[PDB]
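Notes to accompany the following structure.
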Amino acid sequence: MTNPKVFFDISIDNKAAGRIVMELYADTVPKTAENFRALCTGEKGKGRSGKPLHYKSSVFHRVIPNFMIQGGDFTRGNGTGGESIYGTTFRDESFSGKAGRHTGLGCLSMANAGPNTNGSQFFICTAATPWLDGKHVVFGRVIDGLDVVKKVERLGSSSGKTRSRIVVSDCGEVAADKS
């Protein structure tokens, strides 16, 4: 099965910062890719929370230079929240193959609250993170807009706090067929 492609458009204190395009490894981890894909489009409607199952207007709430960008918390905005399309949380789908190896700058992996607790939160990695191998399910990579990733990364800090709001001002799927 073909790997979906999805996008985020980013704003920093309400200024357009550009586009990040991601490939999702539906070939390796279909359930995890589909969750993330469906959250990019919003097509599943509202969650158990009653908030949209959608990354639109969510924040990158934690950013650490030479490590990662963390987002996907559309219920609490602060790292404690989020929901998958299957409900609150889901099991680790696999650590086989591409799911088991973090690839450095641009690697997409699921954040969690311990083993087998995937939700909606993710890391866009900004450096090598081999210590996450077999802990975070890897489900994609950034294939365009690494410049925008570096732009966001520079606005982080050691603690992870950002001093401007870094927002996914838009998102969606890039459909296979154009018309």
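Naming scheme: A, B, ... for chains in displayed order of the structure tokens; residues 1 onward per chain; ligands 1 onward as shown.
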
- Task: Report the residues of chain A whose backbone DSSP state falls under helix (DSSP H, G or I), written as a PyMOL selection string.
- Result: chain A and resi 30-41+97-100+130-132+146-153

Closest atom pairs, stretch 55-170 of chain A residues within 7 Å of stretch 6-15 of chain A, only C-alpha atoms, as a Markdown table:
```
| residue | atom | partner | partner_atom | distance |
| --- | --- | --- | --- | --- |
| A:164 | CA | A:13 | CA | 5.7 |
| A:165 | CA | A:13 | CA | 5.5 |
| A:166 | CA | A:12 | CA | 4.7 |
| A:167 | CA | A:11 | CA | 5.2 |
| A:168 | CA | A:10 | CA | 4.8 |
| A:169 | CA | A:10 | CA | 5.5 |
| A:170 | CA | A:9 | CA | 4.9 |
```

Return as a tab-separated table the residues of stretch 84-107 of chain A lying at most 10 Å from stretch 111-122 of chain A, together with the closest atom-to-atom pair for each and the distance in Å to one decimal, counting only C-alpha atoms, with rows in chain order and ascending residue number.
```
residue	atom	partner	partner_atom	distance
A:84	CA	A:119	CA	4.6
A:85	CA	A:119	CA	8.3
A:86	CA	A:119	CA	8.8
A:87	CA	A:119	CA	8.0
A:88	CA	A:119	CA	6.1
A:89	CA	A:119	CA	4.7
A:90	CA	A:118	CA	5.0
A:91	CA	A:116	CA	3.9
A:92	CA	A:116	CA	4.7
A:93	CA	A:116	CA	8.3
```

- Item | Interatomic distance (Å, one decimal) between atom CA of residue A:21 and atom CA of residue A:124 | 11.5 Å

- Using only C-alpha atoms, find the one residue out of A:135, A:141, A:76, A:161 that sits nearest to residue A:103.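 So, comparing all the options, the nearest one is A:141.
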
- Item | Residue neighbourhood residue A:162, 8 Å, only C-alpha atoms, exclusion window fewer than 3 positions, as a VMD selection string | chain A and resid 61 to 63 155 to 157 165 to 166
